[PDB]
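Below is one structure, written out as structure tokens, with a few remarks after it.
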Amino acid sequence: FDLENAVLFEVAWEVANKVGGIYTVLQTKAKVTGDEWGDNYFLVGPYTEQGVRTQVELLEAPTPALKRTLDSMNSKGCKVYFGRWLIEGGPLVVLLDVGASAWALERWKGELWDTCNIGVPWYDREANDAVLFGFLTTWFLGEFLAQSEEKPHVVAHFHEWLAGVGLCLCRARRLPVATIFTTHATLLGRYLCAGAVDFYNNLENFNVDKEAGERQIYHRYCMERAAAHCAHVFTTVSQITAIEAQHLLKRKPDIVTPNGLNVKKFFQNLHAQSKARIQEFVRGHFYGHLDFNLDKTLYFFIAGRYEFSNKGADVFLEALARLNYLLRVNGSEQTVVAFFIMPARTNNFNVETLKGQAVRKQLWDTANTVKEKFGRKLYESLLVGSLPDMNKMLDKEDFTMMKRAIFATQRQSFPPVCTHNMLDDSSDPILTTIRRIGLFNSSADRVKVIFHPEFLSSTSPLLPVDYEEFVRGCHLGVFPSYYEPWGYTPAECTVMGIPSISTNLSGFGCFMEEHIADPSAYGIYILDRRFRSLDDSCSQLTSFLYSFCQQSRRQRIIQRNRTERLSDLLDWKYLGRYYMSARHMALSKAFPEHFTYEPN
Amino acid sequence: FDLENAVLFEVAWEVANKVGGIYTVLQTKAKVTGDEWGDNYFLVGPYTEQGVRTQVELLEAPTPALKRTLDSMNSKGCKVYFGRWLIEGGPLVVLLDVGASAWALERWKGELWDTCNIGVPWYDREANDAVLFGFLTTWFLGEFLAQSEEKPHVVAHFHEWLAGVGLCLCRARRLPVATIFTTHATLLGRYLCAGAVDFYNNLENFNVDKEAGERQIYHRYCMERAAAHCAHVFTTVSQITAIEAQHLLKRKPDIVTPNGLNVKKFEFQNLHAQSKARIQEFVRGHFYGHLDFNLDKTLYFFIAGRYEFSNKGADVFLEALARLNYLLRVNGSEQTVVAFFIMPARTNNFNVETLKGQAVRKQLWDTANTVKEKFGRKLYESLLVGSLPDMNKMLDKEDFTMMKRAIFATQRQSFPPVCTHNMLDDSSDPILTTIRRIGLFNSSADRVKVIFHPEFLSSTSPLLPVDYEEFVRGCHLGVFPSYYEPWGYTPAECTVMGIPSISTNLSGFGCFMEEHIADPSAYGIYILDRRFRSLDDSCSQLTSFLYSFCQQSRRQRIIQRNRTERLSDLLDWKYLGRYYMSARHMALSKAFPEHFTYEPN
């Protein structure tokens, strides 16, 4: 438990190069781990030109023992650059370069085969990069111990299959370092889901070796599984990921370690301002098809990468069609606008969408011109001491201005379902379903779907809000997800006031079920897809969506306020306490004599 | 439960004129009663020139029968007006003038003596005005019934003592209109509380006639009691008022009809924070140089309403604050309590010290912004070149001097004043005397700081230009340890806003909450049992409540606030509309039951 001399190396591929969500995990965790482990915190990561230029300030190797190791490695010709990552908490980052390719071509790869009976194929560059990185990381910590008299036992925390090669070698060279091995995702899991018909139910009845071999990911799988077996403490991001590991990597996670977000701030009501901005987009997009009260309108959104099956857009869409039917048959004044935002390939803003925003501008401009003129005439009339003469306030010019405006706000075509024009409209799974389900945003429809393919940005003319502000504006965030190991997008939404309908297959969903008895009051509805069929799950989502819709204004307010209590559940302080347990268990397993403080 | 031909006539002195809280009730009752009685909803009230122009749009009679009535009334030397009140629900209002007192002396007054054996002194304006109003209302409704086809059901709702002369006459003239009389407060009760040592416990003991006579208020009392006896159905605002009515008027209320408010007051959690910031700015200004207190940990407690030391139990609050100060001192707390007594008094303009303190806060803020802006520009320029900010040299000599003047202006000097406005009588002010005695003098050591603002907070005022509603939203807690409050308009507003509010068994709102909520504390409305406890024990009870609130966790307090926002529905007219509808139905049943009879709810 105590770490008198222990030094933690959070070896990771995403130390100074943003490649995936793991980078956010490391960056956010850096602050809290920083406090606990002081200057013993040393993230090891691949050196990137971009990384050093914008993220890393190079530093003069302040531990003298470390300085010697850095120099020795540089003298041997391998390139290592010590520096301070400029992210919050100022973590010391030992960025080794993956440009030491000569050794890898024979020497590094050769050692691996004799040591672990494994190999990296010639074709795969990423694995080859990882073997280089792994050998260098093992060398660094081994050299660190050797060139530091009164050797401090270290706790290496390899965070992925890419860093996994190192863990195999550390144990194999029998170096006296405690080893954790978080799997932030299951390697085989991503390929098996979608690739196979029923991944999660057949999890138990999956031959890992067979699947990996078939997909030519066998080498990668072997490396990840070998790391699993090697690690003194094996941890996973979520309970769902744990189930994947148990039936694939064949090692039960010792601790269940959830990823977190630095909650921080995330005087002004973001919800109101953001809803206004969203409302203005809606007004513009509908271009005089505004037959529906926007006071009663609800906005639902699904974000994240454009994976139709994995991020479960299908469940949201099929469910929206069913919600449309329910709202129509019951004649509900409430209208749902479902703003799928999903980074996709688009040529430009669609003609209608751009024109729609322009007409909203024209109507607003006409309003301002007439309003100012009314302002002057009213002020003049009030000064005289007479109440305004209605029907005399507006001049003939003002009628021509407004008549042009009313002429502008006329359309016969139903308002567009996709704000950016698609490179391939037929191909888009979201758009194909929007057609099939029967959502063309007709006047009659109570559910209108607005698919915004571009990642939302402040610069864009339509919906000027940044992703943060758009999330804050929306009433509900529907994120049903088949494979999500940890729901980064759902987690962000929950940390923001927004109630979010996540799933039992999502890491965030599993986390919420475990930590909240009564989810629905607290906003985090958990659609179950692990014990259900696809259609029954859709019906379950429809029920959830309908329940949210059929809520009083007051009830919704309560729900949001409840969700703001659940920020603490997903704060790094508490989730780092989960990681601290992993480290303490690792320290105890590796050196029982040195440290034996592992109660529960 | 169908009123086929019934016509509702809510007669009150505050129908268009804002004399008192009754006016808010009617203005707010009008919308809901509007729906139940449709266009048969008529408000009978005094004509006020200023009132009529701002609030009322003059109209023509909807009914030919009504037109006849209006014309007849206009003919015989009376200047009745008819119009649509522009308040929610757009009710038709018959605003009769009490300036048309052509024959009131020795003819109307004369008649009243023969009918009700009651007389009104020449000196009293309010009673004299009420006889004019009462006689005119009785005439109007009697004439209406006679000139129109006879409606067996017309329901006249008298909503105060001075409208009660009409009820006395109506029943006496044997007119068939059903009469409901509602006492929003007991006249004798107000005088007896404070005026007597122990009004509440000796309720039964008091010979009402003797006490009323002694206070030269006997005529007013007789009118109130007469109206109560006269009404077929008698209503009272609260259960506590009912207990008073039972002993003082010697009549049990048939039904108890609680007053209600609108739900239109309001994530929407910005307001507690925005308002707290505005409040926090004032505190910084006022306490300049003694700002060792943590200003995030500080809690603001407030007592508002009219100025009544005994009635609003400001003494209990002050004594309890002194005990809280002792508790906070003895057990070290980062939290500091700032108590705002926003009770109106006659005072001069803002005290020199208070105004100067606010000015110094303004200067410091202005200096900070200017230096901040200059840092902003120099940092932005330095970053653009591609160089480190060089913080040491970023601030110029010119700003260093401006800041030096600023730090000099914020000199600690004397302890910050207790009262924002210098009082006309500081020496004798019931609050200030107590503050001095209790020992709260805003000393550096004290954990409890009392700021008494003797003017109703308003936008126009230079210092804290915050509207009462916004100030209320900003404060953490509202303490209203009322002794006599018949209905707590002030505590009610606070709860609808979501501010947790101390109320008492003696306050009508307090009694109402106890009856309707199984645990007061859990929902954030604390009840002090002042009826069944001694004064000192009650103070100790308040100290316990205040201390508990202080020792609440930040998260716990947030929960408490959110819980209060649920209690708004208890005070909403939607729910409270039931109670009056019951009263009206009961009126129809009590007399002439044959046409309409309804069994009790």
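Each chain in the structure tokens gets a letter, A, B, ..., in the order shown, and its residues are numbered from 1; ligands are numbered from 1 in order too.
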Could you build a table of the residues in chain A lying no more than 7 Å from chain B, giving for each the nearest pair of atoms and their separation in Å rounded to one decimal place, using only C-alpha atoms, ordered by chain and ascending residue number, as CSV?
residue,atom,partner,partner_atom,distance
A:267,CA,B:274,CA,4.8
A:268,CA,B:270,CA,6.0
A:269,CA,B:270,CA,5.5
A:271,CA,B:267,CA,6.4
A:557,CA,B:267,CA,6.1
A:560,CA,B:267,CA,6.9
Checklist line | Residue contacts of residue B:468 (8 Å, only C-alpha atoms) excluding same-chain residues fewer than 3 positions away, as a VMD selection string | finding: chain B and resid 456 to 458 471 to 472
Margin query: According to DSSP computed on the backbone, where in stretch 216-433 of chain A is there strand (DSSP E)? Give the residues as a PyMOL selection string.
Written below: chain A and resi 235-236+255-256+298-301+336-338+346-349+420-422
Note to self: Just want the 8 Å neighbourhood of residue A:255, counted on only C-alpha atoms, with same-chain residues fewer than 2 positions away dropped. Output as a PyMOL selection string.
What the structure shows: chain A and resi 233-236+253+257+578+581-582
Selection above as a file: N, CA and C atoms, as a PDB file, in the first residue's frame:
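Saved as again.pdb:
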ATOM      1  N   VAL A 233      -1.364  -8.342 -11.768  1.00  0.00           N
ATOM      2  CA  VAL A 233      -2.763  -7.967 -11.627  1.00  0.00           C
ATOM      3  C   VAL A 233      -3.315  -7.698 -13.021  1.00  0.00           C
ATOM      4  N   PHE A 234      -4.391  -8.407 -13.373  1.00  0.00           N
ATOM      5  CA  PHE A 234      -5.047  -8.163 -14.649  1.00  0.00           C
ATOM      6  C   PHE A 234      -6.355  -7.438 -14.395  1.00  0.00           C
ATOM      7  N   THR A 235      -6.515  -6.256 -14.978  1.00  0.00           N
ATOM      8  CA  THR A 235      -7.691  -5.429 -14.770  1.00  0.00           C
ATOM      9  C   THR A 235      -8.354  -5.142 -16.113  1.00  0.00           C
ATOM     10  N   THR A 236      -9.630  -4.724 -16.084  1.00  0.00           N
ATOM     11  CA  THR A 236     -10.393  -4.411 -17.288  1.00  0.00           C
ATOM     12  C   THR A 236     -11.181  -3.129 -17.040  1.00  0.00           C
ATOM     13  N   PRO A 253     -10.485 -10.702 -14.640  1.00  0.00           N
ATOM     14  CA  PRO A 253      -9.895  -9.447 -14.160  1.00  0.00           C
ATOM     15  C   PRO A 253      -9.884  -9.463 -12.630  1.00  0.00           C
ATOM     16  N   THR A 257     -11.776  -1.961 -13.146  1.00  0.00           N
ATOM     17  CA  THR A 257     -11.220  -0.618 -13.133  1.00  0.00           C
ATOM     18  C   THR A 257     -11.930   0.232 -14.181  1.00  0.00           C
ATOM     19  N   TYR A 578     -10.132   3.090  -7.490  1.00  0.00           N
ATOM     20  CA  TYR A 578     -10.198   1.769  -8.093  1.00  0.00           C
ATOM     21  C   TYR A 578      -8.843   1.325  -8.668  1.00  0.00           C
ATOM     22  N   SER A 581      -6.140   0.533  -5.985  1.00  0.00           N
ATOM     23  CA  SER A 581      -6.294  -0.840  -5.534  1.00  0.00           C
ATOM     24  C   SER A 581      -5.512  -1.791  -6.435  1.00  0.00           C
ATOM     25  N   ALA A 582      -5.600  -1.594  -7.763  1.00  0.00           N
ATOM     26  CA  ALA A 582      -4.896  -2.465  -8.697  1.00  0.00           C
ATOM     27  C   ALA A 582      -3.385  -2.413  -8.449  1.00  0.00           C
TER      28      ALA A 582
END
Notebook entry, point to check: Using only C-alpha atoms, which of the listed residues (B:111, B:10, B:390, B:519) sits closest to residue B:178?
Noted result: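 Going through B:111, B:10, B:390, B:519 one by one, the smallest distance to residue B:178 is for B:10.
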Note to self: List the spatial neighbours of residue A:256 as number ranges by chain - criterion: any atom at most 12 Å away, only C-alpha atoms, same-chain residues fewer than 5 positions off excluded.
What the structure shows: A: 181-184, 233-243, 245, 507, 510-511, 514, 575-582
